[PDB]
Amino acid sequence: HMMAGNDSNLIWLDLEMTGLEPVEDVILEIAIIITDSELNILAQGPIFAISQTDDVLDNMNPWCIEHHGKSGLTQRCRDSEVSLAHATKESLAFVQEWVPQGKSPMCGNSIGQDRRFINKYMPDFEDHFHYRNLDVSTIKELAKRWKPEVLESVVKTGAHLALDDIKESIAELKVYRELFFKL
């Protein structure tokens, strides 16, 4: 692929989890997408729901069992045989074809929260990325203050799973690329 190894390609990711604090909580779902510098979806990596026992799946926060319930996720985690070290091996591998090492920031909405869980649980996948984040939610906060009509064009999406979400982030940033940035 002529684009593969382009220095300016971006790794986008979302995670789902059992909650907000890494000390306690664990990664349930993970999805990746690669884009070029202009935000064209170049390639997908794997979408892993991770194997998590019923004790863990029963002891999430009340937000988590209610929303990961109604959106067959917790059921996907039970029925999954995917390990976290196998999601990591397949996650890294996918990414590494596409970008040189330490080039792309980690991209997503509130991607620092995700990077916390990546940093503890998946520390070798993290090592491929530039230390920076490209947090789409930074631009949202600027839009809210500087040009909030722009938010009318942003598609909200009720879902809470890792591909729905990441795809939603890419497309948010597309809207800002078109109506908020001057390029």
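Residue numbers here begin at 1 and follow the sequence given.
Across the two stretches, 44-52 and 136-144, the PDB entry reports the greater mean Cα temperature factor for 44-52. Judged by mean Cα B factor in the deposited record, 64-72 ranks above the other of 24-32 and 64-72.
Highest CA B-factor among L84, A93, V99, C107, as stated in the entry: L84. Highest CA B-factor among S153, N119, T157, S37, as stated in the entry: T157. Ranked by C-alpha B-factor against the other modelled residues of its chain, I166 falls in the middle third.
Among the modelled residues of the chain, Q113 sits in the lowest third by CA temperature factor in this PDB entry. Compared with the other modelled residues of the chain, the Cα B-factor recorded for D58 ranks in the highest third.
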